[PDB]
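For the sequence shown, the authors' numbering begins at 1 and goes up steadily by one.
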Amino acid sequence: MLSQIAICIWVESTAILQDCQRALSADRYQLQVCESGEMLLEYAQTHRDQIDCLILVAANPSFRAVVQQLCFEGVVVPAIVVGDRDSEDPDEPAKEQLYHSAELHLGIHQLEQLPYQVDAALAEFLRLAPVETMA
């Protein structure tokens, strides 16, 4: 069976870290918070497979750079992204370069679907896995 799910989130804000993990509180969740983005690389650099879902916040400036390394080393996981506009405006349609095509998106005030999203992110990533992580 499945023992637990490994989720590595990267967020420098406790509220975001708490709301992102709060939803992901299932008894089978292993949330790992990364104080930085480089720290997340070391964690994903030695257990990509052990990671079941990565949480990322686009609100960060060099966040994409940190994600590029995950894709750079080939670390691809059902990564849920936070921070997406809710307008169909073509100026900011939310590009999918934050991570790979398997990454899922989560509204900033929608912190709660992470658990259900994780299950969707896992299935969405497995079907697409291996995903295209050209960063």
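All C-beta atoms, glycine included, are put in the ideal place defined by N, C-alpha and C.
### Query
Looking only at DSSP bridge pairs, what is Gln-32 linked to?
In the sequence shown, counting from the first residue as 1, residue 32 sits at position 32. Here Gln-32 is bridged, per DSSP, to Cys-8.
### Best match in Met-134, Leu-41 and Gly-83 for proximity to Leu-106 [C-alpha to C-alpha]
The residue labelled residue 106 in the question sits at position 106 within the sequence shown. Nearest of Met-134, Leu-41 and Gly-83 to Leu-106, Cα basis: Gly-83.
### Task
Give the straight-line distance between the Cα atoms of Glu-38 and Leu-128, rounded to the nearest whole angstrom.
The residue you call residue 38 lines up with position 38 of the sequence shown. The residue you call residue 128 lines up with position 128 of the sequence shown. Straight-line Cα distance between these residues: approximately 26 Å.
### Query
Looking at C-beta atoms only, is the number of pairs between the region 115–123 and the region 31–48 that lie closer than 8 Å three or more?
no
### Task
Determine the extent of the beta strand (DSSP E) in which residue 176 is found, giving its start and end residues.
No statement about residue 176 is possible, as the shown extent of the chain runs from 1 to 135 and does not include it.
#### Entry: 8 Å Cβ shell around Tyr-43 - same chain, five flanking residues per side excluded
Start at 1 with the first residue of the sequence shown, and residue 43 comes out as number 43. Counting only Cβ-Cβ distances below 8 Å, and skipping sequence neighbours, we find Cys-8, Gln-32, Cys-34 and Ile-51.
### Query
Is it right to say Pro-61 is buried, meaning 16 or more other beta carbons lie within 10 angstroms of its own, or is it exposed?
As a first step, residue 61 is located in the sequence shown; it is residue number 61 there, counting from the start. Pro-61 comes out exposed.
### Query
The alpha helix (DSSP H) spanning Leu-111 covers which residue range?
Position 111 of the sequence shown, counted from the first residue, corresponds to residue 111. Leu-111 -> no alpha helix (DSSP H), and no H or E assigned at all.
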